[PDB]
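Note that the sequence shown covers residues 1 to 162 in our numbering.
Below: the structure, in C-alpha coordinates.
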Amino acid sequence: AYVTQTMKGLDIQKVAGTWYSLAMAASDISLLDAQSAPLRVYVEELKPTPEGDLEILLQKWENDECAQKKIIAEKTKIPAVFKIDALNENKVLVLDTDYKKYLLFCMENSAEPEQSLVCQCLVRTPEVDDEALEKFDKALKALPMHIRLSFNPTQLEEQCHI
(Lines of atoms letter the chains of each structure in order from A and count residues from 1; the text may use other names and numbers.)
(Lines give C-alpha, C1' and ligand atoms only; values in the text may rest on other atoms or scores of the structure.)
Protein backbone atom coordinates (compact mmCIF):
# COMPACT_ATOMS: atom_id res chain seq x y z
CA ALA A 1 0.00 0.00 0.00
CA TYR A 2 1.39 3.37 -1.09
CA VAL A 3 1.09 6.61 0.86
CA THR A 4 0.52 9.86 -1.04
CA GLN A 5 -2.53 11.94 -0.13
CA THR A 6 -2.20 14.01 3.04
CA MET A 7 1.30 15.47 3.36
CA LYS A 8 0.68 16.66 6.92
CA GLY A 9 3.40 18.25 9.03
CA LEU A 10 4.29 20.63 6.20
CA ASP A 11 5.84 24.05 6.80
CA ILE A 12 3.50 26.61 5.23
CA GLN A 13 6.11 29.38 5.11
CA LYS A 14 8.47 26.82 3.55
CA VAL A 15 6.60 27.30 0.27
CA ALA A 16 7.37 31.03 0.28
CA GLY A 17 9.23 32.16 -2.82
CA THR A 18 9.33 31.66 -6.58
CA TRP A 19 7.97 28.53 -8.27
CA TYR A 20 7.47 27.09 -11.75
CA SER A 21 5.39 24.54 -13.66
CA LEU A 22 6.77 21.17 -14.78
CA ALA A 23 3.78 19.00 -15.69
CA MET A 24 0.00 18.79 -15.36
CA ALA A 25 -2.37 15.82 -15.28
CA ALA A 26 -6.11 16.53 -15.29
CA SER A 27 -8.99 14.06 -15.56
CA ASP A 28 -11.07 16.41 -17.72
CA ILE A 29 -9.66 17.39 -21.11
CA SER A 30 -11.81 20.52 -21.35
CA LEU A 31 -10.45 21.43 -17.92
CA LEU A 32 -6.86 21.43 -19.18
CA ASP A 33 -6.58 21.32 -22.97
CA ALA A 34 -7.44 24.49 -24.89
CA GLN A 35 -9.66 27.58 -24.92
CA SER A 36 -8.08 28.92 -21.73
CA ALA A 37 -9.04 25.91 -19.62
CA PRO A 38 -9.72 26.69 -15.92
CA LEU A 39 -6.96 24.33 -14.76
CA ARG A 40 -4.69 25.66 -17.50
CA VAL A 41 -2.65 28.01 -15.30
CA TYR A 42 0.98 29.05 -15.65
CA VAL A 43 1.97 29.29 -11.98
CA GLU A 44 4.91 31.59 -11.24
CA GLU A 45 4.89 32.59 -7.57
CA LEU A 46 3.74 30.87 -4.37
CA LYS A 47 3.86 32.18 -0.80
CA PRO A 48 1.39 31.69 2.09
CA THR A 49 0.69 33.97 5.06
CA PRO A 50 1.52 33.43 8.77
CA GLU A 51 -2.21 32.93 9.29
CA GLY A 52 -2.34 29.74 7.24
CA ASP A 53 -3.64 30.84 3.85
CA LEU A 54 -1.69 30.26 0.64
CA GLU A 55 -0.98 32.89 -2.02
CA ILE A 56 -1.19 31.07 -5.35
CA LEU A 57 0.10 33.51 -7.97
CA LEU A 58 -0.73 32.14 -11.42
CA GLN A 59 -0.51 33.67 -14.89
CA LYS A 60 -3.46 33.11 -17.23
CA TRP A 61 -4.91 35.01 -20.19
CA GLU A 62 -7.59 37.22 -18.64
CA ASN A 63 -7.70 40.15 -21.07
CA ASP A 64 -4.39 42.01 -20.87
CA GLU A 65 -2.55 39.22 -22.68
CA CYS A 66 -1.19 36.85 -20.04
CA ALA A 67 -2.56 38.27 -16.79
CA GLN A 68 -1.28 37.36 -13.32
CA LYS A 69 -3.86 36.37 -10.72
CA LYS A 70 -3.72 35.30 -7.07
CA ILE A 71 -5.87 32.92 -5.03
CA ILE A 72 -6.08 33.32 -1.25
CA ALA A 73 -6.52 29.67 -0.26
CA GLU A 74 -8.12 29.51 3.19
CA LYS A 75 -7.24 27.01 5.92
CA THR A 76 -9.45 24.12 7.04
CA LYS A 77 -7.72 21.98 9.66
CA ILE A 78 -4.88 19.99 8.10
CA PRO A 79 -1.84 21.69 6.45
CA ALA A 80 -2.34 19.21 3.62
CA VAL A 81 -5.81 20.61 2.90
CA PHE A 82 -6.89 24.09 1.82
CA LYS A 83 -10.10 25.76 0.64
CA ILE A 84 -10.22 28.02 -2.41
CA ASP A 85 -12.95 29.85 -4.33
CA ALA A 86 -11.87 30.61 -7.89
CA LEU A 87 -11.27 27.81 -10.39
CA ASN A 88 -13.36 24.65 -10.72
CA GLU A 89 -12.09 23.29 -7.41
CA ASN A 90 -12.54 24.54 -3.84
CA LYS A 91 -10.66 21.66 -2.21
CA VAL A 92 -6.86 21.54 -2.38
CA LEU A 93 -4.91 18.50 -1.19
CA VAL A 94 -1.12 18.38 -0.87
CA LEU A 95 0.35 15.21 -2.38
CA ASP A 96 4.09 15.59 -1.79
CA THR A 97 7.04 17.97 -2.10
CA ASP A 98 10.72 18.55 -1.35
CA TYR A 99 10.58 22.15 -0.11
CA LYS A 100 13.57 23.29 -2.16
CA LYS A 101 12.91 21.08 -5.18
CA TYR A 102 9.28 20.73 -6.24
CA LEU A 103 5.68 20.55 -5.03
CA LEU A 104 2.78 18.20 -5.76
CA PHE A 105 -0.84 19.20 -5.12
CA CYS A 106 -4.32 18.20 -6.26
CA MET A 107 -7.66 19.95 -6.77
CA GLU A 108 -11.19 18.57 -6.52
CA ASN A 109 -14.77 19.51 -5.67
CA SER A 110 -16.78 17.84 -2.91
CA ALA A 111 -19.66 18.02 -5.39
CA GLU A 112 -17.80 16.17 -8.15
CA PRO A 113 -14.29 15.03 -7.09
CA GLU A 114 -13.74 12.43 -9.82
CA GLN A 115 -15.08 15.04 -12.24
CA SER A 116 -12.87 17.76 -10.76
CA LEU A 117 -9.86 15.53 -10.09
CA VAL A 118 -6.64 17.26 -11.13
CA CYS A 119 -2.99 17.05 -10.06
CA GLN A 120 0.09 19.09 -10.96
CA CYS A 121 3.74 19.47 -9.97
CA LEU A 122 5.69 22.71 -9.51
CA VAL A 123 9.48 22.90 -9.69
CA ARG A 124 11.63 25.46 -7.87
CA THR A 125 14.34 25.35 -10.53
CA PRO A 126 13.68 27.52 -13.65
CA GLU A 127 13.74 24.43 -15.89
CA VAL A 128 12.55 20.83 -16.17
CA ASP A 129 14.04 18.30 -13.76
CA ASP A 130 14.13 14.54 -14.28
CA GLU A 131 13.34 14.33 -10.54
CA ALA A 132 9.94 16.06 -10.62
CA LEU A 133 9.09 14.06 -13.75
CA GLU A 134 9.71 10.52 -12.48
CA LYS A 135 8.26 11.09 -9.01
CA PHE A 136 5.18 12.87 -10.37
CA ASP A 137 4.80 10.00 -12.83
CA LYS A 138 5.24 7.35 -10.15
CA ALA A 139 2.68 9.04 -7.91
CA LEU A 140 0.17 9.56 -10.76
CA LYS A 141 0.63 6.01 -12.11
CA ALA A 142 -1.75 4.89 -9.34
CA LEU A 143 -4.45 7.54 -9.81
CA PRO A 144 -6.73 8.23 -12.83
CA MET A 145 -5.85 10.40 -15.83
CA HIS A 146 -7.01 11.76 -19.19
CA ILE A 147 -4.66 14.53 -20.31
CA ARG A 148 -1.00 15.11 -19.45
CA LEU A 149 1.32 18.07 -20.08
CA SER A 150 5.11 18.38 -20.14
CA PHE A 151 6.48 21.91 -20.44
CA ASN A 152 9.65 22.36 -22.49
CA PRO A 153 12.65 24.75 -22.15
CA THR A 154 11.52 26.31 -25.43
CA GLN A 155 7.95 26.95 -24.26
CA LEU A 156 9.05 27.86 -20.74
CA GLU A 157 11.63 30.29 -22.13
CA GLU A 158 9.11 32.97 -23.06
CA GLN A 159 5.34 33.43 -23.20
CA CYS A 160 3.27 35.82 -25.34
CA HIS A 161 6.28 38.15 -25.40
CA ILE A 162 6.51 41.29 -27.53
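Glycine included, each C-beta is placed from N, C-alpha and C at the ideal position.
Here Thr76 has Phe82, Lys83 as same chain residues with Cβ atoms under 8 Å from its own Cβ, once five neighbours each way along the sequence are excluded.
Secondary structure note for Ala139: its alpha helix (DSSP H) is the uninterrupted segment 130-140. No Cβ-Cβ contact shorter than 9 Å links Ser30 with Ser116. Residue burial annotation: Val123 is buried, with at least 16 other C-beta atoms found within 10 angstroms of its C-beta.
The beta carbon of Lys100 lies closer than 8 Å to those of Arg124 in the same chain, with the five residues before and after it left out.
When rounded, the separation of the alpha-carbon atoms in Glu127 and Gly52 is 29 Å.
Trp19 counts as buried, since at least 16 other C-beta atoms from the protein chains shown sit within 10 angstroms of its C-beta. When the Cα atoms are used, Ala25 and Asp96 turn out to be separated by approximately 15 Å. Following the DSSP letters along the chain, one finds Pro153 inside the alpha helix (DSSP H) bounded by residues 153-157. Of the other Cβ atoms in all chains shown, fewer than 16 fall within 10 Å of the Cβ of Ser110; this residue is therefore exposed. Shown here, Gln68 sits in a strand according to DSSP, grouped into three states. Per DSSP, the continuous beta strand (DSSP E) segment holding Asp96 begins and ends at 91-97. In its chain, beyond the 5 residues on either side, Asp53, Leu54, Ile56, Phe82, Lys83, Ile84, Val92 have a beta carbon closer than 7 Å to the beta carbon of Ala73.
Going by beta carbons, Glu89 and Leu39 fall inside the 9 Å limit. Here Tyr102 is buried, its C-beta having at least 16 other C-beta atoms within 10 Å. Rounded to the nearest whole angstrom, the C-alpha separation of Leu156 and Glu112 is 32 Å.
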